[PDB]
Each structure stands twice: as C-alpha cells, then as structure tokens.
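What follows is a set of notes on a single structure, which appears directly below.
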Amino acid sequence: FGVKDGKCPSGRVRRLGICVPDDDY
C-alpha cells in the first residue's frame, strides 16, 4: 500500500466533492 487515507476506496461515485457508499452503507 502507498496511501491509506486518500479520497475514495477506488471505484466509487463522487457527489458535492466527496464520495460515499450506496450498497455497502
């Protein structure tokens, strides 16, 4: 691993500037 805290968990949808889970959370 290179970076634990980035932006998204790779393969997520972004909205308003930040991505969130739909089916998982």
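Residue numbers start at 1 in each chain; chains themselves are named A, B, ... in the order of the structure tokens; ligands are numbered from 1 in the order shown.
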Spatial neighbours of residue 17 in chain A, 12 Å, only C-alpha atoms, chain gap at least 4 places, as a count of residues only: 3
Residue set, chain A restricted to strand (DSSP E), as a ChimeraX atom specification: /A:14-15,18-19
Neighbour list for residue 19 in chain A as a ChimeraX atom specification, cut-off 12 Å, only C-alpha atoms, skip fewer than 3 positions in-chain: /A:6-16,22,25
